[PDB]
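Since the structure comes first, as structure tokens, the remarks are kept for the end.
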Amino acid sequence: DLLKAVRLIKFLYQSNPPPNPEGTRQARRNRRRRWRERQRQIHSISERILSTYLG
Amino acid sequence: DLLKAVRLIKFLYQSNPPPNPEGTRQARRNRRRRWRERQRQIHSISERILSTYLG
Amino acid sequence: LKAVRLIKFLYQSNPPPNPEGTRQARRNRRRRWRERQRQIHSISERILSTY
Amino acid sequence: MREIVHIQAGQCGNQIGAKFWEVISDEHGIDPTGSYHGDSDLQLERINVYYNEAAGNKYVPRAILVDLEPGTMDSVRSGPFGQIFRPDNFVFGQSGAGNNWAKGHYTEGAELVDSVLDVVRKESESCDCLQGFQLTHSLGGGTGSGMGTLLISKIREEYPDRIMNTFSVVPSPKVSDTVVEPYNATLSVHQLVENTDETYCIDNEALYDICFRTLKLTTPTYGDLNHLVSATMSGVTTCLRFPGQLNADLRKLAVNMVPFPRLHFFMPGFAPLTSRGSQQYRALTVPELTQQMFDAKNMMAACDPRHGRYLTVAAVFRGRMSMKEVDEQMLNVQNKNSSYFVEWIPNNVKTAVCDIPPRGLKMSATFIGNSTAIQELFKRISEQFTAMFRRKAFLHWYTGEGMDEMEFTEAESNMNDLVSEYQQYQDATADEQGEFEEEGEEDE
Amino acid sequence: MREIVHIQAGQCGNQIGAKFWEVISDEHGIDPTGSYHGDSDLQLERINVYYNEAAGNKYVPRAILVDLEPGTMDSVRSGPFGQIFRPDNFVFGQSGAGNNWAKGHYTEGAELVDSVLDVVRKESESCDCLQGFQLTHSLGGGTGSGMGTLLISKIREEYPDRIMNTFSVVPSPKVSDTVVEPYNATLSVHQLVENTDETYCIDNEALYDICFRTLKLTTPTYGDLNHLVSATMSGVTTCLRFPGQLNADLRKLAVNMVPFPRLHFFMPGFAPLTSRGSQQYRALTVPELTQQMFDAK
Amino acid sequence: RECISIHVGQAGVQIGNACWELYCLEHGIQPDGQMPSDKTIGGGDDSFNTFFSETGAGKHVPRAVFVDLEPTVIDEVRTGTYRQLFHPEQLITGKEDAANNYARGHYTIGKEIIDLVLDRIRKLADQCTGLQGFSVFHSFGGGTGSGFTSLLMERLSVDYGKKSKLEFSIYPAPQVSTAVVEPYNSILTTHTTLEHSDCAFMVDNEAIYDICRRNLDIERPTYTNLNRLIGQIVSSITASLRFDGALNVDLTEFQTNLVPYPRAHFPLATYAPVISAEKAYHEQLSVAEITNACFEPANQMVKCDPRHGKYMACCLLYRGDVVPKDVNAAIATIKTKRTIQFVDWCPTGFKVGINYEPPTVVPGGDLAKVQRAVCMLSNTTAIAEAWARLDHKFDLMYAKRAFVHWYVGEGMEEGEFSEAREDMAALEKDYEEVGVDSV
Amino acid sequence: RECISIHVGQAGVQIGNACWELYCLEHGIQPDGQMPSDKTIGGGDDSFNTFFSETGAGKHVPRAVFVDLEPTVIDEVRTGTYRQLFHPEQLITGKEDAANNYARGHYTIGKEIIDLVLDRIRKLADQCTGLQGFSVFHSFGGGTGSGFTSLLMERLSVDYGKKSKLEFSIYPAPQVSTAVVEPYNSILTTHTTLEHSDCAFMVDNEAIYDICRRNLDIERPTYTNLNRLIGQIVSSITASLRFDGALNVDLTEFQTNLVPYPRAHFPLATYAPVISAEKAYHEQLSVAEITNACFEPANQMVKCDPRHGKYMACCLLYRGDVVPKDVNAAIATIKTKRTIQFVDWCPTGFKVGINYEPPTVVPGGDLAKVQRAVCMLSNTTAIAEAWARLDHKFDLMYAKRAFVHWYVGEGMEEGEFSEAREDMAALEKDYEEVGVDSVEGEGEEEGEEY
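Protein chains in written order, with full-length UniProt numbering: chain A, 11 to 65; chain B, 11 to 65; chain C, 13 to 63; chain D, 1 to 444; chain E, 1 to 297; chain F, 2 to 440; chain G, 2 to 451.
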């Protein structure tokens with residue numbers, strides 16, 4: 011990290027399309043939810059870079 | 011291109027603590043449960059980065 | 013580099029076959045899709061797990 | 001063939017040593033007249049363990065009751081069994097007790113304890129076979145604790161490679177109204193961790209608590225509570241007192257009780273709740289004898305079966321009954337709770353049965369067993385030592401003849417390194433399922 | 001083989017729990033003395049499900065209960081079976097309740113819930129295995145909603161693979177000491193819908209409505225109210241505590257009843273509406289006394 | 002003539018110990034160990050009393066496997082009518098069960114117990130070399146059920162080569178059931194354990210309900226009655242191996258006689274000359290009514306119209322016990338004049354099989370002394386509707402995506418449920434494409 | 002055949018005095034001092050009258066050196082119920098007791114009497130030329146325990162040469178004893194007593210406890226009833242050299258056909274056609290059920306499944322008293338079927354040994370007029386479960402580290418415990434992995450270990 015920390019930011023910036031739909035209950039509520047799952051992994055590695063800047 | 015994404019997934023591997031012999035028998039079960047939960051999410055993200063980048 | 017080239021080369025080496033016939037081989041074709049994608053992902057995670 | 005003899009060190013130690021040797025001699029009967037009192041000659045070597053032969057078939061101890069304030073020795077010594085001794089003992093000087101640890105340990109060496117090493121050199125030489133000697137070490141004040149740890153430090157050089165019986169008495173801060181308790185006791189047990197073999201840390205604090213809050217005793221004097229601790233120590237000493245089917249020497253039991261010889265702190269209890277004070281004469285038969293064996297009431301510590309990881313338990317059943325039902329109930333208590341499941345030395349129990357009664361209640365028992373809820377006792381003493389250490393509190397006369405900050409700093413550091421290792425051994429379940437191989441072998 | 005814990009909360013949840021175990025020990029009769037009153041000797045497992053082992057055949061609950069108002073629990077400790085509890089439930093202080101949701105949720109409860117989680121952690125392993133959590137939880141008070149919500153949260157990050165049984169009293173416009181309780185409700189089931197497994201919409205003004213109108217009872221008190229709700233939930237959980245041939249297990253109840261796992265608010269009713277007061281004393285046959293099964297009012 | 006049976010699920014262990022108790026009572030295998038007919042302790046191995054092994058000094062045990070994660074079932078079995086001679090060293094059970102589902106017992110919590118019972122299977126597989134398949138007892142949702150079988154059939158078909166086996170699938174009954182998601186576990190079991198199988202036949206509890214309440218006039222729907230009836234039926238099935246007669250053919254001969262295709266795989270077990278204390282008293286037994294009462298709809302495990310039910314095979318099993326003379330008389334009195342609606346472009350040769358040396362009837366049950374057996378193991382191509390109704394209910398409940406959340410976080414995906422629907426639709430539409438009569 | 006008898010430890014001295022007085026009542030040695038049958042003083046000079054010969058004072062005293070540093074066992078063998086029938090002056094007491102600590106005996110507490118026991122064995126080893134080995138009564142940790150047996154075995158293998166070292170290595174029941182540390186000495190047994198020995202046996206205590214509490218129903222679950230039954234098994238094994246005749250199946254071919262290998266060193270015992278004193282009311286004398294209950298766990302000392310333990314050897318032994326033609330008559334009883342799982346490279350037949358002269362019955366115990374016996378003693382791979390149980394106990398104790406600082410500041414070493422673990426692993430893998438049929442080395446292509 012510390013220069014590759016923004017490389018996962020350009021990874022999320024790169025491969026995030028608009029949520030193009032495919033069927034009901036899908037692709038705008040659960041693919042959106044797996045994108046928010048990616049965001050909560052980002053949140054977890056944010057509280058885990060909280061503790062690598064500690065060291 | 012994703013040679014830094016596989017380093018990100020190796021950091022998800024690096025988010026693994028030891029299975030804690032200094033760990034209560036109820037508590038490292040919780041470590042194992044949050045492990046399998048997080049690699050369920052990692053497998054979802056893995057088939058995301060497999061299917062989306064192929065187009 | 014060569015690893016991700018290998019993985020995407022195997023990804024493009026799994027084409028969707030033509031739909032034709034009286035729906036016998038189509039279930040085997042779906043099984044071939046899901047399985048072969050599973051072990052190409054397995055090879056990917058093994059290769060990036062050593063490194 | 002075997003001897004363990006008497007010596008004393010402690011302001012609250014002389015009384016309890018005299019009464020403890022009475023209650024181990026109360027059913028044996030060696031008189032000071034000069035003639036033998038044979039009623040059961042199957043305890044010849046058993047009374048020879050504590051009372052050695054120095055005259056014509058007369059078995060006497062080597063009791064050296066040493067006090068720097070000899071008023072208690074002047075008063076309580078004239079008992080029935082309190083005069084049948086070799087009279088060249090009770091070496092005493094009146095330089096003072098003063099409830100001070102530093103001057104008791106430092107300046108009173110050549111005054112009295114040099115004569116104490118000389119007299120135990122002589123009295124351990126003109127006898128048959130030594131295996132150590134007995135002492136009721138008490139932390140009631142400072143001088144007694146200092147002379148006890150002086151004796152321990154000198155007998156680790158007098159007969160170094162020999163297991164020697166060391167005791168301790170946990171004081172009662174409810175009753176001991178001294179303005180500074182935890183200096184001498186904590187630094188003494190600090191020394192005694194790396195200077196001894198075993199500690200039966202019997203107490204006056206929790207026994208005061210249970211006689212005032214459970215037994216409903218309106219008169220909690222030192223007499224009946226000394227009878228309580230004497231019955232408890234009688235149940236402890238039943239291993240060497242009575243000739244059983246094994247006749248187990250305490251030299252073997254000292255190695256038996258240690259899993260690793262650094263840590264030797266556990267205290268007994270008394271499972272059937274003897275009736276000194278509030279009285280009853282009922283015969284404590286088997287199911288009521290064993291029903292009160294796992295209790296959070298009688299055990300003389302901060303009671304917590306939930307905070308219990310016991311290592312070696314043993315209860316001497318001198319009540320005349322078979323051990324099959326006793327072992328079945330032992331298995332029931334062993335498996336009915338998961339706190340005891342630690343699985344080191346998987347046969348960590350003992351059932352020793354004799355036929356010699358202690359008192360007129362013919363069939364009864366006691367509780368001895370490894371103690372793991374002593375961590376809160378060690379913390380309850382150590383953090384109120386550090387409570388009155390941070391502001392250099394109470395250096396009125398603990399500024400000794402030789403004083404350092406390194407001694408106190410290392411004392412509290414090794415206190416920390418024993419409580420932290422104890423809590424690391426109370427945790428880190430490295431035998432039950434805490435390894436990596438219960439869930440397959442490969443989990444990354 | 002099968003063990004359920006005893007954690008309670010609140011100032012009304014504690015008293016409805018007192019009535020609960022009173023009326024479910026009414027058919028058991030487990031004495032607090034030690035004379036070993038056996039309800040049915042073939043039901044050692046089905047007394048061990050709730051009353052767990054402490055001595056030889058002395059079976060007591062996993063008795064831990066917490067609130068900051070000790071008068072109610074000191075009152076209910078002098079009940080019929082109010083003294084058969086371990087001396088470990090008394091984990092409390094005297095900080096006061098005051099109908100304050102913040103002090104149970106955020107400020108005061110954060111310094112006391114650690115002892116409750118420590119005692120349930122050190123009491124959970126003292127059996128064969130752990131199967132179920134349960135809780136009589138209320139919203140009429142202030143502290144109870146907050147500390148119950150935080151306890152459900154802490155048991156979510158601490159015991160994920162365990163069910164919890166969450167009784168929940170709904171607010172009432174008909175009986176209410178204070179009226180802020182909409183705020184005590186809108187941020188209580190905000191996260192309870194995604195924190196627990198199964199819940200109960202035992203109401204209070206529909207419950208008082210059926211106590212007053214459709215029964216004609218001259219007792220608008222908490223006494224007969226707790227009698228009725230304790231009898232109803234006793235008839236509910238009799239299935240879970242007595243598995244004859246059916247009445248499937250904990251996750252099995254969550255498997256066959258919960259689609260879209262937020263919609264877990266089942267409504268416990270009861271047919272005959274028997275109450276202390278006006279009583280009907282005929283043998284309740286199946287059809288014309290189970291005709292009160294389908295009526296939604 | 003040697004085979005070792007495994008049993009999983011609570012109802013699987015129930016039918017297993019009921020049927021093994023019937024076996025030990027009808028061979029004279031006493032709870033004293035030995036059979037008193039000869040002087041061999043424990044049991045025997047001669048030609049057909051061959052359900053044993055020389056474990057001790059001639060000591061023989063009724064070799065079987067009883068497995069369930071819920072631990073009290075083996076305790077209530079072991080305190081039954083056959084108390085102490087079950088094996089004190091292979092009754093392996095868990096601590097906490099999956100509790101009426103599929104995913105947890107299969108993927109997550111059974112993954113550390115599959116290898117233990119696999120090691121037990123290997124230790125019993127180091128024993129005597131007789132092997133003619135298997136006998137697996139399971140249900141769809143009784144105990145663990147599908148969770149063990151869906152993994153262990155794949156493990157058997159990968160680890161143990163290509164060896165034949167046989168399994169017992171207890172088809173459920175919603176009127177006495179205990180779950181709601183039974184379409185999901187049924188469709189999952191049917192795409193998994195049937196494509197990795199060699200022989201199977203499904204027994205319906207609702208069929209037992211129909212033949213009890215609608216054909217025998219008894220008023221007790223309890224699993225003890227089901228256990229006794231399954232014991233009788235599986236005992237009649239196994240009696241070919243268990244007793245030697247005129248056509249004492251092996252179960253390998255049966256499974257190499259029955260199955261035409263990997264997809265066309267299932268029979269219609271036709272045995273309803275229903276009997277109890279009511280329908281066995283002062284009646285007369287003949288070889289006409291018991292054989293004429295086979296093709297009718299109210300005699301079947303799975304419901305089918307007789308004209309709409311097309312028999313690819315019409316295999317038969319007889320308990321005999323009197324003569325083969327009346328059986329070879331009924332081959333013309335009943336079997337020869339059978340111009341019943343059949344399948345096109347397939348042989349129309351009726352098969353019979355008689356096995357002598359009577360298996361003793363159940364003691365202490367309900368039925369009186371009975372003689373004949375009409376266990377006509379036919380097959381029906383129109384059982385595609387018997388799973389198409391479950392697929393229709395699964396369609397009407399699956400578009401709502403009900404109970405999905407319990408089956409998401411345990412490894413699988415929605416593609417698995419789509420594949421299960423695809424597999425059952427493929428099986429059904431293959432039956433209306435070529436199974437049902439075509440051109 | 003005049004083998005030196007060593008007895009150390011409390012169990013060794015206890016069963017030594019017990020079994021030698023059983024020989025006294027067997028050979029007729031009356032408390033007068035000499036037999037009334039043969040008038041030669043002390044003992045006879047026959048082929049079987051050879052245990053008792055001239056070493057002491059011309060009186061052919063019983064021959065057993067009794068040494069133990071625990072003084073109370075030497076006192077109760079000196080002051081038991083026989084005072085002159087043993088060696089009149091050759092029993093030397095021990096001065097200080099080990100007191101249930103093994104590690105003191107090998108390094109600290111037993112080193113003063115090693116010269117004395119070397120003098121005793123030089124006295125008793127320059128005797129008559131018949132010496133086929135050593136009748137060692139081994140113990141683990143009761144008195145000195147494995148200490149004196151260990152030092153005797155090591156200096157007897159590096160100083161006396163390559164004589165046979167027949168051991169009775171008792172593996173006692175923890176229920177009846179009091180020590181906990183016993184796995185440590187039982188696993189140091191492999192390092193210090195197993196490699197430098199040449200032949201061994203096994204006696205046990207768990208099965209006798211199991212039958213005395215449940216089956217035989219004797220209310221004596223102590224070392225006394227264990228001594229009473231191990232006296233019978235010691236008399237049974239010594240009856241080969243004690244009953245000479247037409248069928249004297251003695252030790253000579255016995256030591257050949259017991260052990261096949263270096264670390265197949267551990268046999269098994271299955272003697273239990275026992276009839277009790279409460280069964281001593283003229284009950285059934287059976288020659289059929291004693292053949293029919295052989296592989297059942299009643300006769301087995303350790304509860305093991307015969308279904309998994311393959312046998313590379315089998316030594317049958319039926320010692321009766323009725324007819325020498327009953328040897329053939331019992332050959333034609335049950336031996337014809339015997340379909341027992343074997344290693345694919347071992348023989349099948351069963352040896353036969355009988356002692357048709359009737360013995361003299363031990364009084365005052367829990368036994369009837371026993372005349373016939375069954376024992377299927379052999380080396381079995383089914384003791385792998387018992388040694389896995391012992392290794393599980395030692396792994397749990399080494400994770401608990403009980404008495405480690407007791408057992409390291411006297412001469413031991415943690416690397417010495419590692420080498421003892423490797424020796425125990427070698428004894429395991431010669432019964433766990435190599436001991437099973439190793440046919441999977443011929444050839445196949447599946448992906449195995451080529």
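Here a beta-carbon is modelled for each residue, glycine too, at the ideal position from N, C-alpha and C.
Open item on the list: Let's test the definition: count the other Cβ atoms within 10 Å of the Cβ of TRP21 of chain F and tell me whether it reaches 16, buried, or not, exposed.
Closed with: Position 20 of the sixth sequence, counted from the start, is the residue given in the question as residue 21 of chain F. With 16 or more Cβ atoms within 10 Å of its Cβ, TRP21 of chain F is classed as buried.
TODO: Report the rounded CA-to-CA distance for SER187 of chain F versus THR334 of chain F, giving the unit in angstroms.
DONE: One-based indexing of the sixth sequence puts residue 187 of chain F at position 186. One-based indexing of the sixth sequence puts residue 334 of chain F at position 333. Approximately 41 Å between the Cα atoms of the pair.
Open item on the list: With a threshold of 9 Å between beta carbons, is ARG50 of chain B in contact with chain E?
Closed with: Within the second sequence, residue 50 of chain B is the residue found at index 40, counting from 1. Answer no: the Cβ-Cβ gap between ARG50 of chain B and chain E never drops below 9 Å.
Task: Cβ contact check for the segment 377-386 of chain F and the segment 265-281 of chain F: 3 or more pairs under 8 Å - done: yes
Task: Length at least 4, wholly inside the segment 157-220 of chain D: the alpha helix (DSSP H) runs in chain order - done: 182-193 and 205-213
- [ ] Leaving out five residues on either side along the sequence, give the residues of the same chain with a beta carbon under 6 Å from the beta carbon of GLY17 of chain D.
- [x] For the purposes of this step, residue 17 of chain D is taken as the residue at position 17 of the fourth sequence. Answer for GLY17 of chain D: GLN8 and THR136, listed in chain order.
Open item on the list: Against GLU97 of chain F, what residues of chain E qualify as contacts under a CB-to-CB distance less than 7 Å, listed in chain order?
Closed with: For the purposes of this step, residue 97 of chain F is taken as the residue at position 96 of the sixth sequence. Within 7 Å Cβ-Cβ: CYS129.
TODO: Verify whether the separation of the beta carbon atoms of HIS266 of chain G and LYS124 of chain F is less than 9 Å.
DONE: Numbered from its first residue, the seventh sequence carries residue 266 of chain G at position 265. Numbered from its first residue, the sixth sequence carries residue 124 of chain F at position 123. Result no, Cβ atoms of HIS266 of chain G and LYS124 of chain F do not sit closer than 9 Å.
Open item on the list: Which same chain residues end up closer than 6 Å to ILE7 of chain F when comparing Cβ atoms and leaving out the 5 residues on each side of it in sequence?
Closed with: Here the question's residue 7 of chain F lines up with position 6 in the sixth sequence. For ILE7 of chain F, where only same-chain residues beyond five positions count, the Cβ hits under 6 Å are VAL66 and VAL137.
Task: Within chain A, the residues that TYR23 of chain B reaches when beta carbons sit closer than 7 Å - done: For the purposes of this step, residue 23 of chain B is taken as the residue at position 13 of the second sequence. Simply none; closest approach about 13 Å.
TODO: Measure the alpha-carbon distance for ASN204 of chain D versus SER172 of chain D and round it to whole angstroms.
DONE: Locating residue 204 of chain D in the fourth sequence gives position 204, where the first residue counts as 1. Locating residue 172 of chain D in the fourth sequence gives position 172, where the first residue counts as 1. The alpha-carbon atoms of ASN204 of chain D and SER172 of chain D are separated by roughly 5 Å.
Task: DSSP-derived helix/strand/coil call for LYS60 of chain G - done: Working through the seventh sequence from its first residue, we reach residue 60 of chain G at position 59. Note: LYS60 of chain G maps to coil in three-state DSSP.
TODO: For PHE255 of chain G, name the three-state secondary structure that DSSP assigns.
DONE: Translated into positions along the seventh sequence, residue 255 of chain G becomes position 254. Correct three-state label for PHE255 of chain G: helix.
Open item on the list: Please tell me whether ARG38 of chain B has its Cβ less than 9 Å away from any Cβ of chain F.
Closed with: Within the second sequence, residue 38 of chain B is the residue found at index 28, counting from 1. False, the Cβ-Cβ gap to chain F never drops below 9 Å.
Open item on the list: Does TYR224 of chain G come out as helix, strand or coil in the three-state DSSP assignment?
Closed with: Position 223 of the seventh sequence, counted from the start, is the residue given in the question as residue 224 of chain G. Helix at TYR224 of chain G.
Open item on the list: Let me make sure I understand the geometry here. Which of G:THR73, G:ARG105, G:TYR103 and G:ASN101 has the alpha-carbon closest to that of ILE93 of chain G?
Closed with: Numbered from 1 along the seventh sequence, position 92 holds the residue referred to as residue 93 of chain G. Per the Cα distances, G:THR73.
Task: Assigned exposure category for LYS14 of chain C - 16 Cβ within 10 Å defines buried - done: For the purposes of this step, residue 14 of chain C is taken as residue 2 along the third sequence, with counting starting at 1. By the 10 Å Cβ count, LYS14 of chain C comes out exposed.
Task: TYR23 of chain B, DSSP secondary structure in three states - done: Residue mapping note: residue 23 of chain B aligns to position 13 of the second sequence, counting from 1. Three-state result, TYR23 of chain B: helix.
Task: Any alpha helix (DSSP H) of 4 or more consecutive residues that is wholly inside the segment 267-338 of chain F - done: 290-293 and 328-331
Open item on the list: Can you confirm whether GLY440 of chain D, when its beta carbon is compared against all beta carbons of chain B, has any partner nearer than 9 Å?
Closed with: As a working mapping, residue 440 of chain D is identified with position 440 in the fourth sequence. Judged by the 9 Å Cβ criterion, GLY440 of chain D is not in contact with chain B.
Open item on the list: Quick check on DSSP: helix, strand or coil for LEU135 of chain D?
Closed with: Within the fourth sequence, residue 135 of chain D is the residue found at index 135, counting from 1. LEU135 of chain D: strand per DSSP, three-state reduction.
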